[PDB]
Amino acid sequence: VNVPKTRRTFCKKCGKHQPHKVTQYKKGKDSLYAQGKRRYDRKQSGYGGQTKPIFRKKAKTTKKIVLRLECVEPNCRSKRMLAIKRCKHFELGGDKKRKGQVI
Amino acid sequence: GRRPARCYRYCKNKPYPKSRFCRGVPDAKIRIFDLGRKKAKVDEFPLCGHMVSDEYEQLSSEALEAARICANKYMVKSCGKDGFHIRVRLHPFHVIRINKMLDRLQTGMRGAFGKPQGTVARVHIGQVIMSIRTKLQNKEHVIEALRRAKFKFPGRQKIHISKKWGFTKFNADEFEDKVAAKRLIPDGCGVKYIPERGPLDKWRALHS
Amino acid sequence: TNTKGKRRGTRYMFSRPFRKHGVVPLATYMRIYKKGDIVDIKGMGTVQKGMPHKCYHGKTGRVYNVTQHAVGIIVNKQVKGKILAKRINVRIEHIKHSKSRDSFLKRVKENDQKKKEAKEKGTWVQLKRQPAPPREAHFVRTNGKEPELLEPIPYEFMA
RNA sequence: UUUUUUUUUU
RNA sequence: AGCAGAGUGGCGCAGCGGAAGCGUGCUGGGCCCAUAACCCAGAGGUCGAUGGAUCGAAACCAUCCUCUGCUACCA
RNA sequence: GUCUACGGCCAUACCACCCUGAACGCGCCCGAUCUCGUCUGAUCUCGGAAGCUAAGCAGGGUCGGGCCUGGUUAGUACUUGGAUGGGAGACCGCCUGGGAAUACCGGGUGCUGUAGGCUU
RNA sequence: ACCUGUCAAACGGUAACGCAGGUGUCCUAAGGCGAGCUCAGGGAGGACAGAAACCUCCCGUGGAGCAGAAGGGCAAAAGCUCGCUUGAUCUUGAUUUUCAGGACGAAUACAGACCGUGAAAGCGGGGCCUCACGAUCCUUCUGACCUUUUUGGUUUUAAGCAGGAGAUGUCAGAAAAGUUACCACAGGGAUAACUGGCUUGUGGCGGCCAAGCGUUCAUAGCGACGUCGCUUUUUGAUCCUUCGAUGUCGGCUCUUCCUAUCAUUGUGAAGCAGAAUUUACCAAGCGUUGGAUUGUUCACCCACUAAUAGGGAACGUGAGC
RNA sequence: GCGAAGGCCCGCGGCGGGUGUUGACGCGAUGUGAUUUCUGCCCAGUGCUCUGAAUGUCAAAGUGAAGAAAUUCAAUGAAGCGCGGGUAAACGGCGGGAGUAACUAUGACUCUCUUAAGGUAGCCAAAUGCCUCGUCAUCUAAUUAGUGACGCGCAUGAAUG
RNA sequence: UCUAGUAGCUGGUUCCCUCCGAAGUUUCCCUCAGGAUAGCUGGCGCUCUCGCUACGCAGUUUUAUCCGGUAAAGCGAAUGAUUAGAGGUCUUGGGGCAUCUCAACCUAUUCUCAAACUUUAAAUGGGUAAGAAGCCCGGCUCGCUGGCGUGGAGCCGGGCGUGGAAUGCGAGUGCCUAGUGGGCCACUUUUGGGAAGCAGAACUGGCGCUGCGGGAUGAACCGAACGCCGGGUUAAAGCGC
Ligand SMILES: [Zn+2]
C-alpha cells in the first residue's frame, strides 16, 4: 500500500481537523528497568533454567502497520497512533498512479 | 472391464450430468440415434411403433446401442434399407461412478467418492424408448424388430402402435384432412402447424 | 459442517423477482411507520445496507423505534426450545405494513358503530365471528331434466 | 607451440 | 534485535576526490599455408539506487533491496 | 375530447411498421454578444422567433411479436395422513384431504393524483 | 480458524476424509462526494489496413465491468472518464451475526464532535453485499498542567489509568525430537491382525436374445453387442462377537458330507461309418495313485492308471503329531 | 595421543589416587582380524587438527566521557565461531547427460552438471538380485534344490577391508 | 521409609415400602474412554386464580394476512447439454469439375436433459393478528420536528362491556439441583458406496428405562402399556391335533 506523507485528520488537543505529518511507528528498545524485565531477570538468575515460554510456532508473515501522526501546529505538536490493515509491502509517500500511462 | 448392469439399474441418485463439475466422462457408446431413411417425408411413413418402458429404471448407453443395432438389422432384412426410419428417443445424460479397483493408496471407504465410469438414461413408466416409422404394410415387421430389441434391456417393455401419423404429434385419422385444409404444411421428416394467429400476409402466401 | 456466513443460502430469498430489478419504487420510501405498528420483514438485495438477517425474512414484528432511514423491530425468534423477543434495526426498504392488523382495526370500527346503531334502534346484532355452519336444508329442482348418467370410461394405453 | 589420413590391382 | 561489511565489460579483482582497466568472454585484421597465443585493434560497465555536501563523484555521507559473518532470544 | 409541469402504480404502458393530428402547448428550428463548455455552439450553456408538423410527442391501425388475463392441459403430475394393500423387486393401486406447469384456444392493449392551459 | 454454491427434503437449523471451489491478501484509491458518459457483442461504411490499428452511423436488458472464489445486486448505476478530498479521523452507549444468547472477528441503526463533497436535497465515519483474522501476563508508543513513588519537600526513575501495536494458523491462544525385536503398566473387543455373520464389487459357475463361426446351415458344437441370475472352495468391503487369550501356515493321520461327474452302471444328441471324441440326463454307490524340486497352499515335470474331478466340515483336524 | 608442571582415567574433597616397583622395544585409545595377493578415486559435507592473520563477531573486569546520581554512551575487547591448512587403515561417498569406430547390436577418443570424485582391481541371482523358479551347461526318469558359468549388479566391491 | 505416591482407566459399593423421573444433543477445552456449558430431572417452596351450601395458556383447528423456490413442470423462455430433417444466403471455405454439390451461417420446426439451471410453481411448512394494555372524546407538557392552529411522543381527566372465532385447560414465578453428554431401530425423505445386519443426515415414533396378548422362537414388528383381585367384553391374531 501507499500512504501519503501528510493528511488532514482530527486533532484531540486542537479539537479540530489539522494537517499531520505521517511516519511509520517502530518499536522502541527494552527498558531493562521495566518491572516485567526486572522480575524476569530475578527469576532467570540461579539454577532453575528457562522459567518462561519461548514462542516458536510463528504463523504471521506480515504485520499491522501503525502510523504516527504528528500535528503541525507549532504550539500543539501532539501525536497519535493510527493502525491500518496488514500489508506485505508498505510505502510512505510513493508516486501516485495515473491511468493515461502507456504500459 | 464393465460391471454387470444389475449394479446400475434403480435410479438411486440424483441426476449427475456432464458439466463443469463432472469432468473426465467417457463418451457414450451410442452416438447415432436416427437410422434408415431420415430424409423421408411425412406422407410416406404413416405407421409408427414405440417401445414403451414399463419400469422406472436407467438403461445403459451400451444397451441402447445394442438395441438400435439389432432393430436396424432386422428391419433392413425385412423391409429394405430405405423402407423405414428408426429414432432412439433416449439420450444417456446420467453419469454413473465407480469406486477404485482394489502402500501408496488409501484403501477402504475413506474418500470413497467415485470416478465416472459410463452413462445411463433414466426412463420413467410409460416413456418411449425407440420409435420406428414405416409404411402401413410393415406393421408385423415393426413389432418383430422391437420385440427382438426388448431382450437387450433389463426391465419390462411394451410394444405399442401409435394413433398418430409417423413421428408427428397429430392423429392419423385427421392428418390428411388437416394437410388439405392447409393447417399442416409438410417440412422435412415432420410437419408444421399453421394457426390463424399471425399476420395475414402468411395466410396470403399459403393460399396463393 | 457448513459455514457460518451471514448470507449463506440466500441465493433466491434476496434476489429480485423476474423483470422487477432496477430502481426501487419511491412509494416504499414514502410509507410511514409509527411506534407500535406491525411490519413484515422481507430483505431486498438491491439495498445492501440495513439488511435483516435471513432468519428474520418472512417474520413479523412491531416497531419500537423510528430513525432517519431505519426502524427498530421487536421480532420473535425461536432458539432451541425458547422464543425470545429480539430487537433488530432494518432499513425501510426491507419492511412493509402488515395487512392483518389493518383488517382487525376495521372490524373493531364496524363493531363499535354496530353497537351504537343497535342501541339507538333497540335491536340486537351479532358481533362475534362464527365458524362455517353446516349447510342448511334446501330443495334442488330438476326442471323436468333427468340427471346425466355418468359411467367410468374404458382404459386406453396412450403413447 | 602443433601439420592426422590418402584408395584397388594395374 | 546488535555490530562489521559488500553489490563493478557477464566474471577474479585493483584505488579515492572523475583518466574508468587488466587474464578472460564478442568482433576485425598481422605472421605462416600455418591450424597456435603473444600480437594490435575496436564494441560491451546507466559500478542497484533515493536525496545531502563540495569547483567537481561506483567511489564520501543518511535510508531502501541483494546478501554475508558472528552474536542475542519471557508476549 | 386533449395537452403541459411534477408524479404514483411500472409493458393492458414495450417493440416493428403505416395513417391522422384543429387550438393552446411541447418540440424541431434560427443565432453565438453576454453566462458557460467543446477538436467541432453537434451536445451543454446562453439570446431568440423566419419556417415546419418531416421528426420527436399524442391518438388510431396490424387474422402483428411481446405483455396482462382467462380456458385447456387436468382432478392429470405431485403431495398431508392410513392399512398385517399388491408386487421377488422396480414400483403401483386404493382410503382421507390438498392440488400444479408447457404446448394448444380465446379476450384486452394503461389507469390515475396535484397544479396550469386549449377545445370561446 | 474462516467464505461461496449444493447437499438440505420451498421458514431457520441440519452430518460424512459428501461434491464443486476460495482465504492468511489487495487498494491514497479500487476510500468519500459530485458531474458527465455507456458497456460486451454485431451489421454497414472509410488511404495504406489485412481475421484483429483508428475514424463514422446503426442495433444492443446488460449477454460487459465492478481485483481476488462463487452467489446475489447494479445502466443519465455500484460500470468508464474527470474534479475536489481524507467519514479508513475523535467519542458514549444500543443492536445483529456465531451463541451459552460469555468472548473475538465482522456487521447494523442512532447520538455528540470535527470535516469532505455538491448549487442543493443529500451522501460519507473504509472497500456494492456475504471471507481475509487473535485472550490473560510481558514489552513498546501515544494522552493528561492526571494519580502513587510509603516522615515531609524538589528533581530523575519506577508504578498506575486510557487507546494503538509486537501472537499464539493445534487460529478460546502448553515452551517440545526420535527409537525400542530387551521392554513395562492401566485398559480396550469403543479398534486392527483368524473363524463365523451381512454383502458379492472382484473371483467362480450358470441362463436369455441371436450378429456371426461351423464348405452349405443362427442354435451338432460355439456364440459377439447386450441382459438376467446363482455360489461363498478367491480377494475385497464392513467391524456384529471374542484382547482378566477361541493356540497360528503347511504337511501327516482319520471320518463324514456336497455335486457344479474325471472314471465306472443305465441313457438321450452329434458335423456319431468303425475306433476315438464331444454335448446333455438319472446318478455321489465305488474309485480318484507312486515320485523329483519347493516350508509351502498353488505350480511344474517324470511314470503308471478306468480316471488320475472339484470342494466343505471354526479357510475340519497342535491336551493328535 | 603422550617426554611426566605429561597422556588416559578415578575422586565430594587434599598438587588426594590408578596406569606407575612404569618412561616410547612404554602406557593409554581405536579399527581390521592367520598366512598369501592387493588395499583404487574423492578433503566438496560432517568431524579431528595447524598456524598466516586481511583480520569480522566477541562476556565479565578494567579505561575514558556526559549527568546530581542511579544510569547511559564510546574505545578497548581472551578463548570459541568465522577465515585460510592438513587429513579417508576419520565418519563416509564413488552418478548421470551429451558428443560416436564399413550388417547390426555394442561403441574407447572430446566436453559438461549437481555437492568433491564418479565403483579401479577383483567378485556375484552369493548368507548380498526385487523382477526370479534369471539364461546356458551339468547333476535325475523327473530338480523352485546343488555345482560351474554369464554379464548394465532393485541395492557387490577393496583394514565400513 | 517418603507412601494410604497419582490414575480422565478395570472391579466392587450392604435394609424395606411410597411418589416423581432422564441423557447420549448445543458451544468451549492438546477436547475425541474426560470435563466445563446449555438442555432434559428432582426437591423446596412461594404469588395468585375459580367455584359451592377465571388471572391467562395451548406440539389443535378456523378466519385474515405475509414469507418460501423443494416435488412437479420447462427448454418452439434466459444459462448450460443435446438428436434429425427442412427453407434461404454474405460465404477472408472446401471438393469434383461455365460452374455444381457439400460444409458454414441464418430462419421456422423437431428428439432428449440439469444437485451446484429457470419464466412458472404446489402439498406439507414457518411468522403475525383475532380488544379493556381496547376504542372514542377533552385538556396539559416538550429544550425534539417545524410555513403553520405543524408533527411525534409523553402526561392528566371522561365515556363505552354483546368480554368481540372453535375446542380444551387453573396459571405464574424463584432458588438449589443429581444423572447424562458411547446410543440404537422403523415408516417416509435423503448423501457416499455394487451392496451390506455398512457409513452419514431430517421428521416422528420406539428400544435403551418396559413387562403384557399375537408374530413357533426374537430388544425395535402388530395390538396394548402394568397397584392386588371377581364378573363381562374386545384389540392384533386366530379356531384339524
Ligand atoms: Zn494539534
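Each chain gets a letter, A, B and so on, in the order its sequence line appears, and its residues count up from 1.
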Working to the nearest 0.5 angstrom, can you tell me the gap between B:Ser60 OG and B:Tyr8 OH? 11.5 Å
Short question: side chain of C:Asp40, backbone of C:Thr60 - any donor-acceptor pair under 3.5 Å? no
Tell me if a side-chain donor or acceptor on C:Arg8 pairs with a main-chain N or O of C:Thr3 at a distance below 3.5 Å. yes
Enumerate the residue pairs fulfilling salt bridge (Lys or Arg N to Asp or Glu O under 4.0 Å) with a member in residues 186-198 of chain B, sequence neighbours excluded, ordered by first and then second residue. B:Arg183-B:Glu196, B:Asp187-B:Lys192
Are the side chains of A:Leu69 and A:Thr9 in touch, meaning some heavy atoms are under 4.5 Å apart? yes
Separation between OG (C:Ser98) and CD1 (C:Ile41), nearest 0.5 Å, reads 10.0 Å
Test item: side-chain donor near acceptor, B:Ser61 and B:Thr119, under 3.5 Å: yes
When you check the side-chain N and O atoms of B:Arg87 and B:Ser131, is any donor under 3.5 Å from an acceptor? no
With heavy-atom distances below 4.5 Å as the criterion, would you say the side chains of A:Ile84 and A:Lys64 are in contact? no
Go through the side-chain N and O atoms of C:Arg87 and C:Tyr64 and say whether any donor and acceptor fall under 3.5 Å apart. no
Can you tell whether the side chains of B:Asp201 and B:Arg204 come within less than 4.0 Å, N to carboxylate O? yes
Is there a donor-acceptor pair closer than 3.5 Å between any side-chain N or O of C:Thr10 and the backbone N or O of C:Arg7? yes
Does the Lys NZ or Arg CZ of A:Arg68 fall within the cation-pi geometry relative to A:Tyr25 - under 6.0 Å from the ring centre and within 45° of the axis? no
B:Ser53 side chain to B:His124 backbone, donor-acceptor under 3.5 Å: yes
Of B:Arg156, B:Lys12, B:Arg9, the one forming a salt bridge (charged side-chain N to carboxylate O under 4.0 Å, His left out) with B:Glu57 is B:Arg9
Does A:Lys97 use its side chain to pair, donor to acceptor, with the backbone of A:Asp95 at less than 3.5 Å? no
How about A:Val22 and A:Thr6: do any of their side-chain heavy atoms sit closer than 4.5 Å? no
What pairs with C:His138 under ring-ring contact (aromatic ring centres under 6.0 Å, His included), at least two apart in sequence or on another chain? none
Do the charged groups of C:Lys114 and C:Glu117 touch, with an N to O distance under 4.0 Å? no
Applying ring-ring contact (aromatic ring centres under 6.0 Å, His included), can you list everything that pairs with A:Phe10, at least two apart in sequence or on another chain? none
Whether B:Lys14 side chain and B:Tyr16 backbone form a donor-acceptor pair below 3.5 Å: no
Name the orientation class of the two ring planes belonging to B:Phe175 and B:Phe170 (parallel below 30°, tilted from 30 to 60°, perpendicular beyond 60°). tilted
Please round to the nearest 0.5 Å and tell me the distance separating atom CG of B:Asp27 and atom NZ of B:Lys29. 12.5 Å
Sole residue of C:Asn65, C:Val90, C:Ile92 in side chain to side chain contact (heavy atoms under 4.5 Å, CB included) with C:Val71: C:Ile92
Residue set satisfying ring-ring contact (aromatic ring centres under 6.0 Å, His included) with C:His57, at least two apart, ordered chain then number -> C:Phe14
Would you say the rings of C:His69 and C:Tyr29 are close, in the sense that their centroids are separated by under 6.0 Å? no
Please check this pair: side chain of B:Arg23 against backbone of B:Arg20, looking for a donor-acceptor N/O pair closer than 3.5 Å. yes
Check: B:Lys169 main-chain N/O paired with B:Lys164 side-chain donor or acceptor under 3.5 Å: yes
With sequence neighbours left out, write down each residue that passes ring-ring contact (aromatic ring centres under 6.0 Å, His included) with C:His21, or none if nothing qualifies. none
By side-chain contact (heavy atoms from CB on, under 4.5 Å), which residues pair with A:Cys71, not counting sequence neighbours? A:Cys11, A:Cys14, A:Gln18, A:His20, A:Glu73, A:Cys76, A:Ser78
Within the supplied structure, the quantity of interest is the number of heavy atoms (other residues, nucleotides, ligands) at a distance under 6.0 Å from A:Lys21 NZ; does it exceed 12? yes
Can you tell whether the side chains of B:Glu62 and B:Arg2 come within less than 4.0 Å, N to carboxylate O? yes
Walk me through it: do C:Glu110 and C:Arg107 pass the test salt bridge (charged side-chain N to carboxylate O under 4.0 Å, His left out)? CA-CA 5 Å; C:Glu110 330 301 348; C:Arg107 174 152 65 76; over 6 Å; no
Is the C:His53 ring parallel, tilted or perpendicular to the C:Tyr56 ring (thresholds 30°, 60°)? perpendicular
What I want to check is whether the side chains of B:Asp34 and B:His85 have a donor and an acceptor closer together than 3.5 Å. yes
Between C:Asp37 (side chain) and C:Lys34 (backbone), is there a donor-acceptor pair under 3.5 Å? yes
